[PDB]
Structure formats: structure tokens, C-alpha cells
Amino acid sequence: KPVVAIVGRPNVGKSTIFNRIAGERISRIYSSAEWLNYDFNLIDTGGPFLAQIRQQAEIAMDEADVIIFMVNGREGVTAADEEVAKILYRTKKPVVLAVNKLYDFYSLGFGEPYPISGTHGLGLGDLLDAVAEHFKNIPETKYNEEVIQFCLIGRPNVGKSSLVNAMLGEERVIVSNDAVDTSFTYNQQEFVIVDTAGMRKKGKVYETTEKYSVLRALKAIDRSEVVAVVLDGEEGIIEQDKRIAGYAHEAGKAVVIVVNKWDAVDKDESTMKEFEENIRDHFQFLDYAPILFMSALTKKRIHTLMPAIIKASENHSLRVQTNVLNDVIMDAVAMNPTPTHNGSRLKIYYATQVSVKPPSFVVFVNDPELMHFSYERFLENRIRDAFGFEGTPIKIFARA
Ligand SMILES: Nc1nc2c(ncn2[C@@H]2O[C@H](COP(=O)(O)OP(=O)(O)O)[C@@H](O)[C@H]2O)c(=O)[nH]1
Ligand SMILES: Nc1nc2c(ncn2[C@@H]2O[C@H](COP(=O)(O)OP(=O)(O)O)[C@@H](O)[C@H]2O)c(=O)[nH]1
């Protein structure tokens, strides 16, 4: 059922690898070969120069679930490879880099390069393990790449339904027309609110436990790119809030924090700043998430919600330029000497982004053990200072 496509410039070994991993034609779509302990289909993306590559790459992006991006290890990273990379940056779908005929290979921006040969199949196992890892994550409900998917999570009666209705009643919104989701456009950009049916579960059904609701909310998070954590401004923070937000964070989702029912809070001039500080104290892992105060009832600041979801989604998807990234890391090291360890100092050689959603970075070092968590946080904050990344977690991995 999973679909795999091989993409790259001419003469990197695509046919050779394709013919090896493919079995019989289905009816172009081929099933995977007998010798493979993986079950999946292959799509042939046969079809100027840039125009022809783009044609192939876009077919893969539409029809496949995982893409193998193949380069030629004998010819190094060519300018034409860098061009294919740029096209492939346009997809959210998993891309695995295979370096055939066996760096700067990390410089392509897709993380670990998998060395292979089409002669005697060296490296194939590891490559196929890496592709197959993605299968479990393939979305059950698929939407066009352009659609931004988000969810609202929060305890019962916080105002999720009311926020959604307040949000959808805006002049900028056109509600459309899988019947669990709600589709709409906002400034003509397409959005999906994941599993609105679960919010409307009440009125048809009694809630006799929250355990299934919690688990259903986790599924909605898995399907979303942005998660709006809605808190009740009247009752304050509770443990269930921390737990579901922690899940979102660990799942690498973009997060926006929404304080609803602000109309009902007895305010002085510092009631908002105190609430904000109370949130930062209870959700110490969500420093990147903006906090929004609104009222679904009076509509106060309702108009700020969609722009915050857009911004978090943008930052979640943000791909940085490598040369700039390295300048930022060297500036960081310049201002703050690296940790030492009984005579051995951490040295940083090179940094690159390896994925998006969330933004993930690899730092090439001396030895990863000398990279302490506190220095890692420091690097993260310097990256945030230079590029923004408001609304999204980021990941930093040290490698030797
Ligand atoms: N040395 C070596 N040559 C290869 C390997 N894989 C493919 N080739 C050769 O490279 C050329 C391009 O192969 P092909 O599969 O047509 O690549 P495509 O143009 O990307 O489909 C052919 O002459 C192949 O015989 C490999 O692993 N090692
Ligand atoms: N005062 C006030 N009440 C609200 C607000 N939003 C929702 N409510 C009320 O809180 C209750 C629960 O709202 P609902 O949208 O069903 O919350 P849900 O369980 O998260 O969907 C309803 O009686 C709403 O009218 C708000 O901004 N201010």
C-alpha cells in the first residue's frame, strides 16, 4: 500500500536501483521484489534539463509517500543535485538521501546520506530500513500539500467549539461547502481543523470518562502541524493541560497557547502578565509558544488567532541557509567558550539543517559527549535569536 519513488538527475543509477527493488507491474506502478522483507509499491517517474527533472520530482511529490533522492557519489555533489534538492524542499513528504556508486552530502539538507551500490547491492538494507521507518506515519486522510492542518485541544467546556465558531464567522473566512474535519479558507489560504466532530461529540453522547477523549485528542495532534492549547482563564491551569501539551511538544508540533474566557476574569493592570508568567512556570517546555488572550463570547482578539496559527506553521516549516547558520553558530561559540572536560574541549566544525516540521539541525563536533544539555540550549537560543522560530520547537543533534 505504501508508495515509493526514486528521484534524481539522469545517470545517478535510478534505473539500476529501481529494477533491483521492483517486482512485477500492477495494472506505472510496480510491486516490491520478492527478496525484500518489506511490502510496498514503486512508482516509475519516467515522464530541457531543469524542466524534465522538475516534471519527475513533482510526479513523485504527488503520488509517492516516501521519496528516495539519489545522487552520484563518484561525481560528488553537483550543481544539478543542488537543483533537485531545491525542488524537493517543496514537499512535507519524507525524503531519504541515497548516495549511489560508492561531504557536503549533508549540505543537501536531507540529513543522513545512505551509501549504496547498484552492482552488488551494498548499503541497500540500511537505505530500505530508513524508507520503511516512515510507513507507519503515512496519513490515513490525505490533503493537498498546500493545506495547513491544525487542531484545538483543551479540557471539556474551555470553549473549543465556541472559538471555532467565533473564528469561522470572520469576514476573511469562507467555510467550505472525511466528515470529521472542517475545511475553510482564510485570506483564500486553505486550512483544515482536524476532528471537529470530536468537539461536537457532546449533545449526541454523554461523556462518562475523559480517557477516550484524551486519546482521541492525541490522534488529532498526530494529524496536525499546529496545535492550539486552549486554557480556561477563569479556572486556571490543570494537570491534564500539561500532559497533552507535553505530548504535542514531544511530537515536534508547532504550538500556540490560547487563554479563552478573558471576558470573565476580574482584571487589574497586571492580571494578564501574572497569567502569562503562571503559564511559563507551568509549561516550562513551551517557551517558544506565543500566548494569546481572547474571548469567544465577546469576540475580543478572536482575530489574532488565525494569524498566530499561520506564523507558527511558517516557522515550523522554515528552512535556513547553511552559510548563515554556520555564521550564527560561530558567533555563539565566539561569545561563549565551549564546555571542557578534564582537558578536552568541545569543538564545533560544521552545522546544517536536516529536516523541517520541526526544524532540526545537526552539529558536527569533536565528540558528542562534550556537548552538554546547557550548551545545547544556549545554541538553540542563539539560533532562535537569529532566525525567529516563534511557535515551534527546534531539535539539535551533535554528531562526530
Ligand atoms: N560503478 C557503478 N555504476 C553504476 C551503479 N549503478 C548504476 N551504474 C551505471 O551508471 C549508469 C546510469 O545508470 P541508470 O540506472 O540508467 O541511471 P539513471 O540514468 O539515473 O536511471 C549506467 O551505465 C549504469 O550501469 C553502481 O552502483 N556503480
Ligand atoms: N464567559 C465566557 N464563556 C465562554 C467563552 N467561550 C465559551 N464559553 C462558554 O463555556 C461553555 C463551554 O463552551 P464550549 O464551546 O462547549 O466548550 P468546549 O467543551 O471546549 O467545546 C459554553 O457554555 C460557552 O458558552 C468565553 O470566551 N467567555
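Numbers for residues simply follow the sequence, beginning at 1. Heavy-atom basis, side chains included; hydrogens, waters and symmetry copies ignored. All ligand and atom numbering here is 1-based and tracks the order in the structure.
- Of the protein's heavy atoms, at least one falls inside 4.0 Å of atom 19 (O) of ligand 1.
- The distance criterion of under 3.5 Å between nitrogen or oxygen atoms is not met by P156 with respect to ligand 2.
- Each of the following atoms of ligand 1 lies closer than 4.0 Å to a heavy atom of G118: 26 (C), 27 (O).
- The shortest heavy-atom contact between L379 and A332 is CD2-CB, 4.1 Å.
- Taking the charged nitrogens against the carboxylate oxygens, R384 and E380 do have a contact shorter than 4.0 Å, which makes a salt bridge.
- Remark: ligand 1 and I116 share no N or O pair separated by less than 3.5 Å (distance only, no angle test).
- Listed by number with element, the atoms of ligand 1 under 4.0 angstrom from any heavy atom of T119 are 26 (C), 27 (O), 28 (N).
- The distance criterion of under 3.5 Å between nitrogen or oxygen atoms is not met by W262 with respect to ligand 2.
- Taking only nitrogen or oxygen atoms, main chain and side chain alike, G13 reaches within less than 3.5 Å of ligand 1.
- Against a heavy-atom cut-off of under 4.0 Å, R74 is close to the following atoms of ligand 1: 1 (N).
- The distance from ligand 2 to the heavy atoms of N260 drops below 4.0 Å at these ligand atoms: 5 (C), 6 (N), 27 (O).
- Protein heavy atom in closest approach to atom 16 (O) of ligand 1: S15 CB, 3.8 Å.
- Checked by distance only, ligand 1 and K101 come closer than 3.5 Å through their nitrogen or oxygen atoms.
- Of the residues listed (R223, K160, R216), the one engaging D195 in a salt bridge (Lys or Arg N to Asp or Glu O under 4.0 Å) is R216, and it is the only one.
- In this structure, atom 24 (C) of ligand 1 lies nearest to the protein heavy atom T16 OG1, 4.1 Å.
- Counting protein heavy atoms under 4.0 angstrom from atom 2 (C) of ligand 2 gives one or more.
- Remark: among candidates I6, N11, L102, the nearest residue to atom 12 (C) of ligand 1 is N11, based on non-hydrogen atoms.
- Protein heavy atom in closest approach to atom 6 (N) of ligand 1: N100 ND2, 3.4 Å.
- A donor-acceptor pair shorter than 3.5 Å cannot be found between the side chains of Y288 and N315.
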Review item, side-chain donor-acceptor pairs of residues 342-367, under 3.5 Å, at least two apart:
unit_1	atom_1	unit_2	atom_2	d
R345	NH1	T338	O	3.0
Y350	OH	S107	OG	2.6
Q353	OE1	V320	N	2.8
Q353	NE2	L318	O	2.8
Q353	NE2	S355	O	3.0
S355	OG	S360	OG	3.3
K357	NZ	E225	OE2	2.7
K357	NZ	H316	ND1	3.0
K357	NZ	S317	OG	2.8
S360	OG	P358	O	3.2

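- Listed by number with element, the atoms of ligand 1 under 4.0 Å from a non-hydrogen atom of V12 are 17 (O), 20 (O).
- Contact atoms of ligand 2 toward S161: 15 (O), 21 (O) (distance under 4.0 Å to a heavy atom of the residue).
- Between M199 and ligand 2, no pair of N/O atoms sits closer than 3.5 Å.
- Taking a distance limit of 4.0 Å, we find that atom 8 (N) of ligand 2 is approached by some protein heavy atom.
- Considering backbone and side-chain N/O atoms, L297 comes within less than 3.5 Å of an N/O atom of ligand 2.
- Only the side chain of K202 comes within contact range of ligand 2, with a heavy atom under 4.0 Å; no backbone atom does.
- Remark: ligand 1 atoms within the under-4.0 Å shell around heavy atoms of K14 are 15 (O), 17 (O), 18 (P), 20 (O), 21 (O).
- Atoms of ligand 1 found under 4.0 Å from any heavy atom of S117, numbered from 1 in the order shown, are 27 (O).
- Checked by atom type, the side-chain pair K101/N11 shows no donor-acceptor distance below 3.5 Å.
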